[PDB]
Each structure stands twice: as C-alpha cells, then as structure tokens.
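Residue numbers (this note's numbering), protein chains in the order written: chain A, 296 to 725; chain B, 36 to 466; chain C, 347 to 676.
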Ligand SMILES: Nc1nc2c(ncn2[C@@H]2O[C@H](COP(=O)(O)OP(=O)(O)OP(=O)(O)O)[C@@H](O)[C@H]2O)c(=O)[nH]1
Ligand SMILES: Nc1ncnc2c1ncn2[C@@H]1O[C@H](COP(=O)(O)OP(=O)(O)OP(=O)(O)O)[C@@H](O)[C@H]1O
Ligand SMILES: Nc1nc2c(ncn2[C@@H]2O[C@H](COP(=O)(O)OP(=O)(O)O)[C@@H](O)[C@H]2O)c(=O)[nH]1
Ligand SMILES: [Mg+2]
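Okay, structure coming up:
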C-alpha cells in the first residue's frame, strides 16, 4: 500500500540520505541494528524482515566506494542491507558527460536491477524519490541517465526529485553552470516534480534562523532532512489527506515543464531560542510566506506564487489552519495564477517532527512545510544561463565534456530549452 | 578512482620523492621496516591508493625510482626509509646523462627507457582500479628532463586513457651551477604540453624564497627545501589518500582546473608556515588559514599573481572544520580580490576539505592555482633560450647527441604559442 | 592576398533508415547562395540540392581549385558535418565507378588531364601520402607499420607530416591504386547511423612539384583532401565500447576545429590551431597560404534537425574567414 523508494545519488545526495534515513529510524522507533520495541506505520519506507530487522526502502549509489563505505563502516551499517549500497570505482569526477556517457552506463543496469528487485517487493509502489545535485559529477550525470531509463522502466510510476541547486554566492564547481543546464535539459522531459534544494538557503537559514555560528554539512542536512521528513510524513504518520506523491504533482504544476517548486519549512528555530518558544499555527504559517525560511533563496519580492500546498504536522487544528490561510491571503502581496481560483492544498498529520539527539532545531509541538511553485526561480535560472553563456562563449572547459563522449550541439540544445524555460516563466503572468 | 603509480626521475626527483614517501608513510602510519603501526583505523582506509599490500603484513609504496647515475639510488637505499622501497623498483644505470636533455631523450635514456617500462607495466597490471601515473622529474637536469619527458610520452602512448599527473620542477634564474638549464627547460616544456594531464610547476626560485623569507634558511640546501616540497606534495595528494568533502581525485581536480587543455601548469602554495614553536600567536583559524593560503608571499612559483590573473584555484584544506566558512571565505576573496581573477571564468575558487591533517600540525591548507602569471616563467626560459640559440651557443653539445636544430626551433615554436595562449587569457574580458 | 574560405553546402537524399522511420524533408532552397531551414536563411558560397550528382559536385566545387593548386597555391578541400550526412560519399564515393566516384579521384584525374594538356618543358614530380587520425594518433594508411606519425614544422615553420609514406606516382591509375589500398586500410565501422561510418579523419595529401625546365622556375603545392568524421550524439549512434572511444576522439577533434574556425571569425587573439592534430595539419588551410573550400554536408531528415542547424552555423561562421594566401616556392 502506497510505498515509496528513496534513491540517493551523489555525495551530497547520499549524506542527506544518511540524515533522512537516520531520522526515519528514530521516527519509527527502529534501533540502529534493526530491532524495534513495537510496530505501526513503518509500512511504506521500511520493510520488516523475518529476523526483526527493519530494512530501508533505499538505494544508495556512489560512483567511487568512499561515501558509501562510510555508511557501512559507521552507525546504521547493520540497518543498511548490503544489496542496497552500490559503489563504482572510476568516478564521473564533476564531469556530466562522464556521468551520462562513459562511467554512468557502467553501473546503470546494476542500479536498475537492485531498484527492480526492491520495487518488485512493493505491493503498492507509488514511485521514487531521487536525491541528487544539479551541479556534481555523480549527482548531475548518473541521475539524468537514471531518469531516462526509469521513465522507460516504471513509466506511470512517479519520480520526485530532491535536487541540490548551487547559488550565486554559495557555488561549488567551475563547470557547474554546464552540469546544471545539461542535467535539467535531460530531466525536463523525463522527471515529474523536483524540490529544488538551494545549498545557500540551507546555509543561510542555519546561520540566521538557527543561530549557528559554525555549522557543518551535518547541521545543514539536519534542516534538509526535516523538510524531506515533513513531505514524507504524509505517508508515515496518522492524519488527514495528501498521503501521496501524485497529489503533489497534480496540485503544484501550472504547466508540466514548470515542475520545480520551492519548499518552506517551519519552525526553523534553535533549541537554544527557548524564550519565544510558544509558537502558534498562524506564527508558523507566517514563517512559510517569510523570505527567510525559503529553501530556495531567490527573491519572492520579484517572483509570483503560482501554486501552494501546506503540509502541517503535530499539534495543529484545521480551524487554526483556515484562519491562518485566510489572513496570509489578506496580508502578503502575493501574486497568483489567473486561470485557477485561490490555491492552497492542505495536509494535516497529527504527530510532531523528530530531531536527532544532537539536533539543532527545537522540539516543537507543531510544524509546517509549504510546497509552493514560484516564478522566483526564473531569477535563479537567469543567473545560470548567463554563467553558461560566459563559459560557452570562450568554449572554456568544454573539451573535457566533448572529449568524454558529448556533442557540442547538446550544449546548444540544452541552453535553447533552458532559454525556453525562461519564456515559460515569462509567459505565466501576462 | 583507486590506485596511483608513482615515478621518481633524476637526482632531485628521487630526493624530493623519498622525502614525499617518508611524509605520506608517517601519515598512513607505516615504518621503515614496512610495518603498519597506524593508531587510527582511518590510516589504513584508502591505503591501497599509494600502497601495495605485499606478502605478509608489509605495505610497500607503489613507487618506481629512475636514474642513470646509480649513486642517487644508493642515497635513497641508504636513506631513512630506504628498505620501504622495493629493490626491484630501484631502476639504475651506471653513467648519468649530465645536465644534457638530449643524452636523456636520445642517448643514454633511450637505452634505459625500456627497463623502466617493464617495471611500470608491472606496477600497472597489478593495480585493480588504476587511476593513472604520477611522475616527479626535473625540467632542467639531464635524467629528469629528457628521460622524464621520454617517459611521459612512452607511458602515455601505452596508457592514454588513464591520468598523467606530474610534479615538474622548474630551474631558478638566481642559482644553479648548471648554465644550460633553460635549454633543458624549453626542450622539456615542448614534450610536457603535449603529454600531461596536469603539471604542477615547482619553481626552485620560489622554494628558496619561501624557505629564506618565511621559514628561515640562507644558502640553498636541498634537504631543508625538500621538506617544503614534500609537505606540498602530501598536501595535494590528501584527497586521494584520505576522505573528507569534495574533489577526491585528480580528474575532478584537473577537470575543474584547466579551461583550455594546454594550460595545465599549476602554481603551488602551502599554509601554515609561520614562526615555528613560538607562534602560537599570529594565526590559527580557518579564515586566517584561507588568508595565508591566498597570499602571494605563500606561493611556490616565482610568478607574482598580483602581476598576472588567476583562472582557477583548487584549495585543499585539512582538518575538521566548517564548509560554510570556506564557502564564505571563498566568496569574500573572490568578490574583494575580483580584479586578480578572470571575469570570463565564473566561480574561480574550488574547495576540498579533508578531516585528516598532516603530522606537525592540527590544521592545514594547500593552494593549487592555474595562473596566467605562469607566463612570466615561460618568458624567462624563452628570453634566455633564444639568447643562446641566436648565437648557436652550446648547440653542438646537444645536436651532437642526436638532435636537429629544427627541434630547437619547434620546441621554441610551441613554448611561444604557449605564451600567446597564456597572454590571451590574461588580457581577455567577457561578452 | 586575402581570399575567403569558400563554404559550400551539400544536402544528400533521405537514406533508407530515415525514409523507413518516416522523417520529413526539412530543406528549402533559395537560389545557389541560400538554404532556408525552419523559415531561417543560412547563406553560403554555393548550395548543392539533393539530386546533384558526383560530377555536378566536381565541376562547380572542385574544378577551379585544380588550376589554383597548379598555379603553386596550396589547396584544401575538406568535408565537415555530423555522421551519415554524406562526406565520404562526397570525397571518396565509389572510386572505380565513373559516375559514382567522388572529389578525391576526380581531383587526381583533372590534375593529370591538366599535365597531359601542358607543354613538354614542365616537369612534374607528384608524390602522395595517405594517413588517418584514429584514437588521436596518426596511422599511415599506405604502410601498416606506422601507427602514430609526427607533426613537424617546415622551412618557414608551416606544419607538415613527418614519417609518412610519400609514394612518388607516375600514372593517375597508380594514384587510383594508392587511393584504393589506403581506403581499404582506413578504420571503418557499422554504427546505427552509418554502416560505413568514418571513425577516423582521413588525410590524403598530394604534394605536387613542378619546374619548367625552360623558365627554370620551381613551384610546389600541397593539396589536402580531408574526409573528416562527423561529431555524433550517443543517443543516435547507439555507440558503446570501442564505438564510443572513437566518438570521443572525433567530437574532441571537431570541437577543436570549430573553435579554430570560431576564433578566426571573431578575430580572437591566439587562434588555437595547437589543440588538435587535425587543426595543426589544417593551420595553413584555415589561415595560411592555401585556397580552402569547406564542404559542409547536411541531412534533410527531421531526426537530425538540431545538429544540422549547428553544421550550417559552423559554415556561416567559417565563410567569414579569409586565408593569408600566396604562391609556394621551390
Ligand atoms: N546539502 C548537502 N550538500 C552537500 C553535502 N556534502 C556536500 N555537499 C555539497 O553539495 C554539492 C556537491 O554535490 P554532489 O552531489 O555531492 O556532487 P557529487 O555528485 O558527489 O559530485 P562528484 O563527487 O563530482 O560526483 C556541493 O556544493 C557540496 O559542497 C551534504 O551532505 N549535504
Ligand atoms: N548525396 C548523396 N546522394 C546519394 N546517396 C548519398 C549521398 N550522400 C550520401 N549518400 C549515401 O549515404 C551513404 C553514407 O554516406 P557517407 O559515408 O558519406 O556518410 P559520412 O558522412 O561519411 O558518414 P560518417 O561521418 O559516418 O563517415 C553513402 O554510402 C551513400 O550511399
Ligand atoms: N628542490 C630541489 N631542486 C634540486 C635538487 N637538486 C638539484 N636541484 C635542481 O633541480 C633540477 C634537478 O635536475 P636533475 O634531473 O635532478 O638533474 P640530474 O639528476 O643531475 O639530471 C635542476 O635544475 C637542479 O639545479 C633537490 O634535491 N631539490
Ligand atoms: Mg564518412
């Protein structure tokens, strides 16, 4: 019934996996080997096996062994079943064409088989959550190749992404404007709906909303995982509606190319900020329209809301939600879609969030995540195509991708659709 | 990817190379009897990257040592870690080419070249997931220069798919007893530009001034200097040897470093090198590290990048620390010092952080810069090369050892095309 | 002193794999100069529509370059365009059919037909070489022994290939034999885009020297005839294994040819002829003492629209380029 598989591609991808899986373990009551004192709604993302070991609906993929050997070295190593942990040897190494052509095809069948043997143990499979970067070698290259092959293999069955987006301050690679535009170009037609994660936003929210002075990527994944646990909470807790990934697609798309929402999650408050600790449903619903708490750090003061779903988890009443939503619709100068009426899809799950035992957030009675489709991310695309153009103009770095199987036309074609993604983001509005 | 095959060539190349191996061997916790003493489990982790698991509990370096003069292999063999090297892998002649690249590339070294090839094939086919090859040689001597470049090309004709890493040491305009070094240089650069993936350009000039100004030392003694070489050479190999954050390998390094494939000459730099034992004051933290790491005074090529822009920087941090503070300190530096980067290359600074530091320290930072200012070096060799070449001075000592004059003309022709190339992308703008 | 690169456009028919897919005929033509594709005009020196025979291509494209090369200019003719688009058909063809034969043996004949039409006082020494760039190494085609050849710089530094089979040919019939030998040694594979796909860039050079005994003057001309490979999308060709290794080197060498073409057209300060061995052998050809005609070869199937568009823009780029043309002494 209604089961989902998380597919963790890339080092970042995998380390958000770690934090997500560790968090689902605590959430469900699952000891770090496998045993648990109870039962209940582990159903979807975990499988109970004969000897009481509760095994993830996971696939972890890395293009070298190193990120995944830390998994199977450390804690939950006895939870993670060896068949679901897939290593490479010779990596893509930040180069998109190595991840799509050369090295990627060397694991692709093997990732798809262990996907298929996990999927064939899914009574009511909904689909996939793929976590990957738009910017890396592994993450960018192997995921777009993986998306094409999964669109042929599972077809009707949904592909959600949790996609790592670089930013105009926080960036990673030189060739990353290619990685981004190249990967997207491929994903656009194949993928279903993608929850862009901006690594600057998470970094910035941890500093300003979490009051952390020295965060590490462990601290960052803790906020990331809390938005992914908030989305996945609908399958995993008790509550009202929204228990399925397709309602996310269905209700968030204005047009299907424009399949990239922004997630807000609230409250992002530190355990140490225990003075104004009593937050209301209104308070945390205000925070979801606040430019601070946006997982994608673009300017909502330029960009329009096209579509909103509010997912509440914990001590939340829907009288309180109605009241919140009516007054947020009066207060904030939010532009909306014309063809449709006012747009909020509301989800209520009764159980609060969980922090990790060293976790930075407060152990709040209630929480919310807003999934919202905005035109604000065209600002972010615009910065990305303008960087592509810079580099492409001189032809810089492009010998490494064309010299590993790629055609230069593919760059032209990619950029042309990204420039049409720009026009789609213009045309919704006039 | 997993295994690197290391190749040392010439007197320098084998002395800086043994000093490298005693550094990485102390990091990986292995002694001069080849025993693993490592107190942390993580010391054995990626051990097979640099090491071979030999018969029994012995870890042996995957190192091949080449020289024509056999007293170099004796000073290695009678060196402090001597027994750690496998004596099959001591590849020695009985002469010495004698600061003559030609007797390297054409005479003596092309007689030795095949004995060497048999041992790098043997390291190679024994590797499970081979990364590629790592040669340490000189761009100025006789053994390292012509026999190095003979090597670079010969292995690469055999393995063109895997990665060709080199540590290529550059001769000083201040010192050296050997006059003909720019001849050996021009001749080498011509082969290097055609056959390496990446070239760390290791200038003796800078190593001298780094040691004389920063650390303190007056006349040039190679054992003290070779410590700063070996510490840099550990520094950049970090990400291959040990896990942490981004850029694990050399390909994801070189892919992110090189805009146009002939511009692969990198400018090394290393941090902290402050007043030993006492300071303990002055600097400690990750922005202080990032500062020292970005400083022209901490650069290991003699080209001041304050006179010629940076394309790309790869920065290898070592220790447990904040990925955010590097993201911000690399943001900060590139905003503020924007006019020393190039505008057409966006995102110029690339960052790795490894949890493991070196020994002697708790935190470290290694700079690797692909700088347009490396042209001042190619100009220095040229202006000197063409000086002697126009009067056809010393030419007979080399043309007599096999070469045509037109090979001096061609080696010049590519070095000066390499110059136009480096001069372009210094000058260039956006649009 | 300054002569443009002539950029000439050839469309083939729809092939069997294309017509049996059900692909549309995307080319519209306006006169000899302009091809219109998706309402957009692409302007050139001469355009050749699909029905153009092998003879037709010869008298309009090739013909005049024969009189110029034998005036002691250098001459380069090369075909550029993605896989199956009709380069090898154009340059080689079916050598021994007097209708199906292409530019290469047709050039050879009209050279010797000129030499038959010359006085008894001109001595002509023609030597030919035939080599391929395969997996970025220069394999000799007329000799099996030499698997990589070397780039040397000449008298005034212009680059040329050292270590090659220079056959000194008497008859054109004997040149047809060195062509037939070299062709069948050239590395060719079956891909899902072409059953005879060129996996290597094939370099026929005719170096023609002449002296008039009576005038006592000597002239040389390098005639290069390069059937290139066609930079391909892995999706289309279905290339894995060796077919991909091949593809990598080709895409790699033609991105570099592109960048050289591009640099010249914009007037960029280096001009990287030094990237690829193909760009090096083409140094004279793209900015030097040669009359260079580029045949850009195109498919009219809808399947290849994107990559066809790119090939036309390479040619619009390329037409803008002039050569630093002059008469080659001996
Ligand atoms: N949120 C998140 N980002 C991380 C994590 N660790 C690293 N990153 C960052 O996310 C981006 C890297 O993306 P990856 O998907 O890891 O890139 P990758 O595919 O492993 O890149 P390759 O090693 O070249 O294959 C960079 O900006 C890293 O700094 C993590 O655990 N969480
Ligand atoms: N103009 C044409 N008229 C008729 N047939 C043609 C034409 N051009 C090509 N064809 C047919 O297509 C076939 C393949 O053409 P060709 O080998 O020249 O393609 P190619 O461009 O060299 O491919 P590749 O890049 O793989 O080498 C030919 O053998 C010929 O039968
Ligand atoms: N850093 C350093 N440079 C040195 C050392 N010994 C010599 N040099 C210089 O670095 C280069 C070494 O060349 P090498 O190939 O060792 O000369 P050869 O062995 O005599 O042919 C020359 O330009 C020397 O001046 C050394 O141990 N360390
Ligand atoms: Mg062909």
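For each residue, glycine too, the CB sits at the ideal point set by N, CA and C.
Alpha carbon of residue i to alpha carbon of residue j, nearest angstrom
i	j	result
residue 498(C)	residue 478(C)	16 Å
residue 411(C)	residue 508(C)	25 Å
residue 697(A)	residue 687(A)	12 Å
residue 140(B)	residue 180(B)	8 Å
residue 384(A)	residue 394(A)	13 Å
residue 458(B)	residue 616(C)	9 Å
residue 588(A)	residue 523(A)	15 Å
Residue i at chain A interface by Cβ criterion, 8 Å
i	result
residue 594(C)	yes
residue 329(B)	no
residue 540(C)	no
Contacting residues, own chain, Cβ-Cβ under 8 Å from residue i (five flanking each side not counted)
i	result
residue 719(A)	550, 552 and 553
residue 379(C)	389, 390, 391, 392 and 393
residue 413(C)	460
Closer than 8 Å to chain B by CB, residue i
i	result
residue 504(A)	no
residue 728(A)	Outside the modelled stretch of chain A, which goes from 296 to 725, sits residue 728(A), for which no answer is possible.
residue 674(A)	no
residue 692(A)	yes
residue 380(A)	no
Residue closest to residue i, alpha-carbon to alpha-carbon, out of the options
i	options	result
residue 409(C)	456(C), 655(C) and 349(C)	456(C)
residue 76(B)	67(B), 180(B) and 62(B)	62(B)
residue 103(B)	321(B), 257(B), 46(B) and 427(B)	46(B)
residue 632(A)	682(A), 457(A), 667(A) and 563(A)	667(A)
residue 536(B)	55(B), 90(B), 315(B) and 174(B)	Given that chain B is displayed from residue 36 to residue 466, the structure contains no residue 536(B) and the question cannot be resolved.
residue 342(B)	352(B), 448(B), 348(B) and 331(B)	331(B)
residue 648(A)	490(A), 320(A) and 497(A)	320(A)
residue 724(A)	671(A), 695(A) and 664(A)	671(A)
residue 358(C)	398(C), 352(C) and 463(C)	398(C)
residue 569(A)	577(A), 433(A), 658(A) and 612(A)	658(A)
residue 285(B)	273(B), 438(B) and 256(B)	273(B)
residue 453(B)	591(C), 619(C), 650(C) and 553(C)	619(C)
residue 675(A)	302(A), 630(A) and 464(A)	464(A)
residue 573(A)	375(A), 662(A), 595(A) and 541(A)	662(A)
residue 584(C)	337(A), 397(A) and 680(A)	397(A)
residue 344(A)	304(A), 372(A), 627(A) and 376(A)	376(A)
For residue i, the first and last residue of its enclosing beta strand (DSSP E)
i	result
residue 619(C)	Where residue 619(C) is concerned, there is no enclosing beta strand (DSSP E), given that its DSSP letter is neither H nor E.
residue 414(C)	Segment 409 to 415 is the alpha helix (DSSP H) holding residue 414(C); no beta strand (DSSP E) there.
residue 662(A)	661 to 669
residue 460(C)	Note, residue 460(C): premise wrong, no beta strand (DSSP E); alpha helix (DSSP H) at 449 to 461.
residue 554(B)	Because chain B spans 36 through 466 in this model, residue 554(B) falls outside it and cannot be assessed.
Same chain only: Cβ atoms within 6 Å of residue i, ignoring 5 sequence neighbours per side
i	result
residue 379(A)	353 and 354
residue 599(C)	622 and 624
residue 528(C)	476, 487 and 488
C-beta neighbour in chain C for residue i, strict 8 Å
i	result
residue 197(B)	no
residue 710(A)	no
residue 436(A)	no
Start and end residues, alpha helix (DSSP H) containing residue i
i	result
residue 626(A)	613 to 626
residue 224(B)	216 to 230
residue 429(C)	Counting along the chain, residue 429(C) falls outside any alpha helix (DSSP H), and DSSP gives it neither H nor E.
residue 512(A)	512 to 531
Neighbourhood of residue i by C-beta distance below 7 Å, restricted to the same chain and skipping five residues each side
i	result
residue 301(B)	233, 234, 235, 236, 292, 403, 404 and 405
residue 261(B)	50, 51 and 54
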